[PDB]
Structure formats: structure tokens, C-alpha cells
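A closer look at the structure
One letter stands for each residue in the lines below.
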Amino acid sequence: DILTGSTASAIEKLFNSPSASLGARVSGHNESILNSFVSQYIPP
Amino acid sequence: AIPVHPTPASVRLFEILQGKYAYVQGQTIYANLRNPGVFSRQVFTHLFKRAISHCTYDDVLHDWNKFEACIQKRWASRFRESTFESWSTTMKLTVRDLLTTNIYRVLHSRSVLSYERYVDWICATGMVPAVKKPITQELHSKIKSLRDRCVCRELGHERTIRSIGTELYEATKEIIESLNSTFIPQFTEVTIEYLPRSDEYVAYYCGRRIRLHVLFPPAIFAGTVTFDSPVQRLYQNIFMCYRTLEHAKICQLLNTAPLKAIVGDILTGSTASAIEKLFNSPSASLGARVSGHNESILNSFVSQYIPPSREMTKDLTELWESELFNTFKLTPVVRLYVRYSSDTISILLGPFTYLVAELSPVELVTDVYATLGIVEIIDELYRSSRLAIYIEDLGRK
Amino acid sequence: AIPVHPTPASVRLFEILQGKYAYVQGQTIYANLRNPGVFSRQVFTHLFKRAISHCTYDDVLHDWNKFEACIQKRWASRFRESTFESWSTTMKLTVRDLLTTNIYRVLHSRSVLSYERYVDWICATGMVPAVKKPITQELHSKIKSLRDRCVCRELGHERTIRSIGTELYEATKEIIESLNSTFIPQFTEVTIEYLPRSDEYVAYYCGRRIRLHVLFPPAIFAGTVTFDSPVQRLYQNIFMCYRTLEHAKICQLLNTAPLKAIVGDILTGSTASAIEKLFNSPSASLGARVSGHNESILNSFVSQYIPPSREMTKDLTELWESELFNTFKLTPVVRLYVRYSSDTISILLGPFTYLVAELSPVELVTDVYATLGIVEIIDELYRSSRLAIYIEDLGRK
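Residues numbered from 1 in each chain as written, not as in the entry; some residues may be left out. Chains lettered and ligands numbered in written order. Part of a larger assembly, values for the part shown. Heavy atoms only, no water. Residues with missing side-chain atoms left out of burial classes, pairs and counts.

As documented in the archive entry, the model was determined using cryo-EM at 3.59 Å resolution.

Dropping the structure here:
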């Protein structure tokens with residue numbers, strides 16, 4: 001369906017998906033963050 | 001007691017051969033060994049060999065003596081020599097035209113036996129079911145019609161042609177019984193079962209136990225069934241390739257909004273109305289949310305990672321070509337052309353001609369006869385014939 | 001009981017051959033096997049072979065004896081030799097001009113039988129319907145007119161030409177009945193149906209059950225119908241390619257505003273009025289909104305990702321060429337030129353000449369006769385003729 005679709009309904013499907021925004025958490029219920037970095041490493 | 005064939009594992013494994021998941025450029029070589037092809041060639045060269053070699057030498061002796069007496073009453077060693085050569089050439093043309101037109105109408109005729117369906121079982125399962133079909137009554141009339149076509153070819157006036165055509169009627173009779181006696185079911189409608197006690201394999205073609213040859217036995221290692229045929233091995237690489245093409249199209253549709261945000265007719269158009277259509281579209285601005293109704297964001301980053309897709313299918317195509325060449329030992333013409341070569345005739349036509357199709361009095365192909373024209377077979381089968389020595393024996397007066 | 005052909009799955013599969021979705025450079029090779037082409041060649045070489053070889057030798061004997069007596073009254077071994085050679089050359093020219101002009105007017109003549117429509121069923125479905133057409137009365141006059149054209153060619157004064165032209169009238173008679181007796185419907189207006197009980201295939205050409213040959217049976221795996229022909233396999237790759245060309249034009253029209261924003265005649269013009277037109281246009285500034293009437297934005301990023309489109313169609317073209325070459329075994333001239341070669345004649349012209357077109361007394365083509373000129377056929381069919389031996393027999397006095 002995605003590989004063969006109308007590409008207007010297919011974009012309208014994916015833009016409400018839960019697979020469109022990563023939400024990550026690091027906490028111990030009192031512990032604070034100090035810095036954040038992002039990397040796109042893909043192994044060979 | 002354990003199901004084998006109609007499972008979501010195996011029927012998924014059959015549709016890869018039809019082309020449904022990751023059809024790439026290497027898989028097209030698999031259709032180079034599903035033609036009728038060589039099997040029409042070996043039925044041809046068997047009926048040509050039997051119809052020629054059964055003839056005698058003494059009938060040719062008085063036939064040329066009938067010929068030279070007809071030329072002695074018309075028009076002396078040079079005179080006999082040009083008449084002898086003409087006679088031999090005319091005889092070769094008549095024998096060539098007296099077989100190859102009779103042999104095609106029985107070749108391209110409908111046969112319940114299909115070499116195309118036998119390959120689809122050898123690949124991807126390793127075992128072949130067969131069904132007995134006794135006879136059907138219209139083929140008896142098709143035996144009579146070629147027999148009514150046989151005496152119509154007897155209308156010519158020569159001694160050897162009556163003796164050649166009689167066995168050719170008999171030789172095409174015994175082949176056409178066997179080429180319509182065994183029917184092979186498609187890939188559905190039959191189940192193959194494994195009872196563990198005295199472990200054999202049983203087929204059920206609509207509630208009837210039929211014959212089933214096993215060529216490479218599947219290994220049943222106590223939880224599942226794994227086959228030996230060279231599609232079971234490529235089963236893991238194909239789905240590892242196909243689930244990225246389904247994943248790259250996911251990554252290519254999330255990176256289609258020209259601007260992204262944290263929230264806390266087209267192919268042939270006027271191109272002014274087309275831009276005016278898309279600029280009010282809901283597909284022009286991504287709005288993504290991450291909240292638990294009290295939870296706050298701290299940072300935001302954006303990346304345009306698109307996974308490799310043209311790299312996976314290049315490798316998959318090379319792997320498919322290598323797997324096909326090695327297991328069945330096909331030899332390319334250098335690619336330019338992909339042919340059969342003799343180790344493939346023993347491994348594919350071997351268990352077909354002798355084991356499932358009950359064809360006893362038939363030789364296999366020679367690897368030069370497998371792919372070299374059709375008229376290139378006929379002249380060499382005339383040169384290697386037992387008749388051509390009898391003709392060249394007449395060269396010494 | 002289950003519909004097969006008039007479905008949105010199959011009629012979508014037919015328009016790919018017409019060229020409607022992803023027509024790329026590889027698909028143009030498919031039109032290299034839809035010409036009338038070889039079928040006009042085998043009708044030609046059958047009527048040339050029948051009209052030559054039926055002639056005798058004794059008629060040529062007194063015809064040259066009629067010739068040399070006409071040259072003995074005018075102008076002695078060297079004298080006979082130059083007259084013999086001239087006679088033979090004149091005879092060859094007359095026989096060549098007495099066939100090839102009569103054989104073209106019956107070749108390019110309208111035939112209800114089209115080899116072009118039979119290929120469009122073999123590809124993309126695998127099965128061919130046929131309709132019986134008994135006769136039409138203007139063709140009886142077209143039989144009489146070529147018969148009135150036959151005795152007009154009898155106006156020449158030679159013995160062999162009256163005997164050659166009589167069978168040529170008869171040989172073109174039996175062909176022209178069969179080349180107008182079977183009509184093939186286009187791709188619409190017929191439905192093909194599958195009843196499951198005693199499962200055969202039935203065609204309905206406007207409420208009448210007609211003949212239908214099945215060459216590769218489609219596998220009906222309990223939910224859908226999948227065909228075997230080499231367009232069903234490429235059905236998934238073409239739409240995976242075509243839905244990115246429709247998607248790249250979406251990405252190329254959102255990245256056309258020179259400035260983007262978060263909101264909380266042209267081809268031949270004066271180029272000063274053209275800039276003055278576009279600078280007031282609504283197609284010069286993208287305004288995108290993301291709100292739920294209380295919801296606030298937190299970040300904004302911009303990316304110019306355009307998906308690969310020239311990479312998909314390069315691969316699709318290579319895949320199409322490979323699929324066409326392997327399934328039908330065409331051999332290129334090295335590309336420079338793409339030809340038929342003998343394994344394609346058995347797989348395409350085989351079930352046409354003998355199975356759907358009721359053409360019994362006809363041989364297939366030789367692979368050197370398939371694509372080698374037209375005059376290159378005629379001289380070799382004269383050299384391999386049964387008449388040329390009778391001429392060379394006269395060389396020895």
C-alpha cells in the first residue's frame with residue numbers, strides 16, 4: 001500500500017503516525033540534564 | 001502428522017518465484033530455464049533418430065537402381081556421376097521435408113505434461129508431485145488424424161518413404177501417450193504431508209493419495225521445516241532487502257515537508273494552478289508532538305537520513321545471479337546469452353525424463369544439441385545417421 | 001464464478017503496454033517484437049517453396065530443347081555453352097519476377113488475423129482468445145481477381161510458367177482462407193471467466209462462448225489472480241517507480257518559493273514584464289501554518305530534500321531490457337540491432353501458427369531466414385530449390 005499508493009493519502013497517513021517523532025527520556029525522577037548531542041553514525 | 005506445504009512460511013516462499021516481493025535484475029535469469037526449450041529439443045532429436053536409423057540398406061539399393069534406370073532411358077561414367085549426385089540431393093531434401101513438418105504438429109500440440117511446472121517445484125521445494133491421467137478419448141482421434149495424415153504423406157512414390165513413415169507413426173504414437181499421461185498440479189490445491197512414523201511423504205490432490213518424488217529431502221529439525229532448494233537459502237536475504245524498500249519509502253515521505261516544526265494532473269498541469277493547489281495543501285508542513293500533558297521539551301535536532309536502497313538491490317541482484325549459476329551450473333556466452341550445459345541436463349532433465357515422466361526408450365540431449373539452432377541439428381543428425389554411410393557406400397560404383 | 005479479466009487489477013496491467021504510467025527506455029524493446037515482421041516472412045517463404053518445388057524435370061527438358069532449337073536457326077560446343085548460360089539466367093529472372101509481385105499483393109492485403117494483437121495477449125495475460133469468422137463475400141471476388149490476374153500472367157509463352165502459376169493460385173487460395181478466418185479481440189470487450197468446478201477458462205465475446213487457448217495458466221491462490229506472463233512480475237517495480245515521479249513533482253513544487261516562512265508567454269517574453277508579473281504573484285512566498293488555536297511552536301527547520309528520480313528510472317530501464325531478453329531469448333546485434341533468434345520462434349510463432357491460427361501445411365522459419373533481407377531469401381531459396389539441381393543436371397550435355 002505504501003510502496004504503491006496515491007502519494008497524497010500516503011503522506012496524509014504518515015504525517016499523523018507515531019513513527020514520525022522520536023521522544024527519548026533520561027531521568028531518575030530528580031536528575032537533570034546538562035547537554036545534548038546528536039549523531040548519525042551507521043556502522044559499516 | 002506435521003503440516004509442510006500449506007503454511008504461511010511455504011506459500012510465501014512460492015510467490016517469490018512469481019515475483020511479488022523484491023524482484024530484481026538477477027531473478028530474471030530464473031526464467032531462462034523455465035522455457036519448454038530443451039525438452040522440445042530432445043523429443044525432436046529422439047523421433048528424428050528413430051525414424052532414420054531403422055531403415056535398411058537393400059531398399060536404397062534398388063531405389064537408386066529404379067532411379068538410374070529412369071535416367072538411362074532419357075539422356076558414361078561422368079554421365080552416371082552427375083545423376084547420382086542429383087538423386088542423393090533430392091533424396092536428402094525429401095527426407096528433410098518428410099519429417100520436420102510432421103514432427104512439429106505433434107510437438108506444439110497441447111500436452112498435460114508441462115516442463116514449466118516441474119521447475120517451479122524443483123526450485124523452492126525440492127520435491128515434485130505427479131498425478132496419473134489414464135487417457136482421454138479425443139487423443140485417440142488425434143492418433144487417427146495423424147494416421148490419416150500419415151497415408152497422405154504416403155502419396156509420394158518412393159520405396160524408403162513408406163518404410164520411414166510407418167515407424168514415425170509408431171514412434172509418435174508411443175511418445176504422445178506419455179506426454180499426456182502425467183499432470184502436474186500448480187503450486188496450490190495439493191498438500192504434502194510428513195508422517196513421522198516410517199517417515200515418508202504423502203500428497204493429497206483433492207482427497208486422493210498420489211505419487212510424489214523427493215529429490216532433495218527437507219530437514220525437519222524438530223520445530224520447523226527447512227528445504228534444500230536454492231530459494232530457501234535466499235529467503236533471508238530477500239526479505240532483508242524488501243523490508244528496506246518498504247522502509248526507504250517511509251523515510252522519503254517524512255522528509256517531504258519543506259519546513260518542519262515542533263508543536264508544543266500534477267505530472268501534466270498548468271504549473272501555476274498546480275503550485276496554487278499545493279501551497280494550501282496539508283502536505284506542506286510537518287507538525288510533530290511529544291507530550292505527556294505535563295512534560296516539557298529540552299532540545300530539538302533535525303536529520304535527513306535516508307537508508308541505502310540502491311546499494312542493497314545491487315548486491316541482491318549479483319547474489320541471485322551467482323546462486324543460479326552455481327547450483328544449476330549454467331554457462332553464459334560471453335553477458336550476451338545464457339545457455340544450458342551438460343551438468344544441468346543430468347541435474348534437471350535427469351529426474352524428469354526417467355523418474356516422473358514415464359519415458360523409457362529415450363536418450364538425453366548432447367550439450368551441443370541443447371542450444372544450437374534447429375536446422376543445425378537436422379543436418380548433423382543426417383551426417384551422423386546410419387543412412388548416410390549407406391549412401392556413401394554407393395559412391396564406389 | 002470468480003471474475004478474472006475486467007477488473008481494476010488487470011485493465012491497469014494492460015495499459016502499461018500501451019504506455020501510460022512509467023514508459024522508460026527499456027520498454028521500447030517490447031515494440032521490437034510486435035511488428036507483422038517474421039509472420040509476413042514465413043508466409044512468403046512457404047508460398048515461394050511450394051510454387052517452386054512442385055515443378056517437374058521433363059518439362060524443363062523440352063523447354064530448353066525449345067530454346068536451343070530457336071538459337072540453332074539463328075547463329076559448336078562453345079556456341080552451345082554461351083546460349084545455355086543466357087537461357088538459364090533469363091529463366092531465373094522470369095521466375096523471380098513471376099512470384100514476388102504476385103506474392104506481395106496478397107501479403108499486404110487486409111487480414112482479420114493480426115499478429116500484433118496476439119502478442120499483447122501473450123505478454124501481460126498469458127492466454128489468447130480467438131473468434132471464428134466463417135467467410136466474407138468480397139474475398140471470393142478477391143480470389144477471382146487474383147485468378148483473373150493469374151491468367152494475365154499466363155500471357156507469357158513458356159511451358160514451366162503455366163505449371164508454376166497454377167499451384168501458386170492454389171497455394172495463395174488456401175492461405176487466404178485461413179488468414180481471414182480468425183479474428184482476435186483487442187483487450188477490451190471480452191471477459192475471461194474461471195468456473196472452479198472442473199476448472200477451465202471460458203470467454204464471452206458479447207454473449208457468445210468462443211475458443212480460448214491457455215499458454216501459461218494463471219495461479220489463483222484463493223484471494224486473487226496472478227498471471228505468469230512477464231508483465232505481472234514487473235508490475236510491482238513499475239508502480240514503485242511511477243509513484244516517485246508523481247512524488248518528485250510534489251517535492252519540486254514546494255521548494256519553488258525563494259523565501260519560506262512560519263505563519264503564526266513566460267518561455268518567450270520581454271523578461272522585464274515577465275519579472276514584473278512574477279514579483280506580484282501568489283507563487284512567490286510559502287506561508288505554512290501549524291496550530292490548534294492554542295498550540296505554540298517551539299522550533300523550525302528547513303530542508304531541501306528531493307527524492308531520487310533519475311536513479312529509479314535508470315534501473316527500471318535496465319531491468320525491462322533484461323526481462324525482455326531472457327523470457328523471449330532475443331539476441332542483439334552488437335547495441336546496434338535487436339533480432340529474433342530460433343528459441344523465440346518456438347515460443348511465440350509455435351502456438352500461433354499451429355494452435356490458434358488453423359494453419360496446417362506450413363513450416364516454421366529458419367533463424368537465418370528470420371531477419372536477413374528479402375532478396376537475400378529469394379536467391380538462397382533458388383539455390384536450395386529442387387529446380388536448381390534439375391538445371392545443373394543439364395550442364396553435362
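1. Here we look at the interface of chain B and chain C
Cut-off, in case you're wondering: When checking whether two residues touch, look at their non-hydrogen atoms; a contact exists if any pair is within 4.5 Å. A run of DSSP states H or I qualifies as a helix once it reaches four residues; a run of E qualifies as a strand once it reaches two. Both are numbered from the N-terminal end. Residues are grouped as follows: nonpolar covers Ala, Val, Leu, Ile, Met, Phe, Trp, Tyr, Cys and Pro; charged covers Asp, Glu, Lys and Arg; every other residue, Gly included, is treated as polar. Two strands qualify as a pair provided DSSP detects at least 2 bridges between them.
Contact with chain B, which involves 78 residues of that partner, is made by 83 residues of chain C. Among the elements that line the side of chain B that touches chain C, the one with the most residues is helix α4 (residues 77-97) of chain B, at 9 residues. Looking at the side of chain B that touches chain C residue by residue, the classes come out as 32 nonpolar, 28 polar and 18 charged. Inspection of the sheet shows strand β9 (residues 259-263) of chain B paired to strand β11 (residues 297-302) of chain C by 5 bridges, in the antiparallel sense.

2. Digging into the packing of helix α9 (residues 235-254) of chain B against helix α9 (residues 235-254) of chain C
A pair of packed helices is captured by two measures, namely the crossing angle of their axes and the spacing between those axes. The criterion, for reference: Only the stretch in contact is used when a helix axis is fitted, and all axes are lines through C-alpha atoms; the angle between N-to-C directions ranges over 0 to 180 degrees. Just so you know how the angles are binned, under 35 degrees is roughly parallel, over 145 roughly antiparallel, 65 to 115 roughly perpendicular, and the rest oblique.
Interhelical geometry of α9(B) versus α9(C) gives an angle of 5° and a closest axis separation of 13 Å. Of the possible angle classes, the one that applies to α9(B) and α9(C) is roughly parallel. On the side of α9(B), the interface is formed by B:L245, B:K249, B:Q252 and B:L253, while α9(C) contributes C:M240, C:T244 and C:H247. Broken down by class, the residue content of the contact of α9(B) with α9(C) amounts to 3 nonpolar, 3 polar and 1 charged.

3. Side note on the packing of helix α3 (residues 58-72) of chain C against helix α8 (residues 159-178) of chain C
All names here are of chain C. Orientation of α3 relative to α8, taken along the N-to-C sense of each, is 150°, at an axis distance of 8 Å. Classified by the angle between their axes, α3 and α8 sit roughly antiparallel to one another. Here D59, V60, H62 and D63 of α3 come into contact with α8, specifically with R159, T160 and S163. Among the residues making up the contact of α3 with α8, the classes are represented as 1 nonpolar, 3 polar and 3 charged.

4. What about helix α2 (residues 38-53) of chain B?
All names here are of chain B. Applicable threshold: By this rule, a helix spans an expected 1.5 Å times one less than how many residues it contains. A simple rule labels every residue: compare its accessible area, found with a 1.4 Å probe on the protein chains alone, to the largest value its type can have, and call it buried under 20%, exposed over 50%, or partly exposed in between.
Taking 1.5 Å per residue as the helical rise, α2 with its 16 residues ought to reach 22 Å, and the 22 Å between its terminal C-alpha atoms agrees with that figure. Across the 16 residues that make up α2, a large majority, 12, are buried. By the burial criterion, the buried members of α2 are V38, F39, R41, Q42, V43, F44, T45, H46, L47, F48, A51 and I52.

5. Quick notes on the pairing of strand β2 (residues 127-132) of chain B
For a regular strand, the rule is simple: side chains alternate between the two faces of the sheet. All names here are of chain B. Of all 6 residues that make up β2, 5 are buried, and the element is covered over most of its length. Relative to strand β6 (residues 209-214), β2 runs antiparallel, the two sharing 4 bridges. Bridge pairing links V128 to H213 in β6. Where β2 lies against strand β3 (residues 182-183), 2 bridges are found, and the strand directions are antiparallel. Across the sheet, residue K132 finds its bridge partner in β3, namely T182.

6. Quick look at the sheet that holds β9(B)
Read from one edge of the open sheet, 3 strands run β10(B)-β9(B)-β11(C), paired in mixed fashion. Unpaired on one side and paired on the other, β10 (286-288) of chain B together with β11 of chain C mark the two borders of the sheet. When the angles between neighbouring strand axes are averaged without regard to direction, this sheet yields 20°.

7. Things to note about the sheet that holds strand β1 (residues 2-3) of chain B
Strand order in this open sheet of 6 strands is β1-β4-β5-β6-β2-β3 (chain B), and the pairing throughout is antiparallel. Edge strands, defined here as strands with exactly one partner in the open sheet, are β1 and β3 of chain B.

8. Overview of the interface of chain A and chain B
Short version of the rule: Each of two parts loses accessible area, computed with a 1.4 Å probe, when they are put together; buried area is these two losses added. What counts as a salt bridge is simple: a side-chain nitrogen of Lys or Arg found within 4 Å of a carboxyl oxygen of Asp or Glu. Pairs of N or O atoms within 3.5 Å make up the polar contacts considered here, provided that, within protein, one atom can donate a hydrogen while the other can accept it, and that residues adjacent in sequence are counted only when both atoms are side-chain atoms.
The partner chain B presents 22 residues to the 18 residues of chain A that form the contact. With both sides pooled, the region where chain A packs onto chain B buries about 1,700 Å², and carbon together with sulfur makes up 75% of that total. Applying the counting criterion to the chain A and chain B interface returns 0 salt bridges. In this assembly, chain A and chain B are joined by 1 residue pair in polar contact. A class-by-class count of the residues in the side of chain A that touches chain B yields 11 nonpolar, 6 polar and 1 charged.

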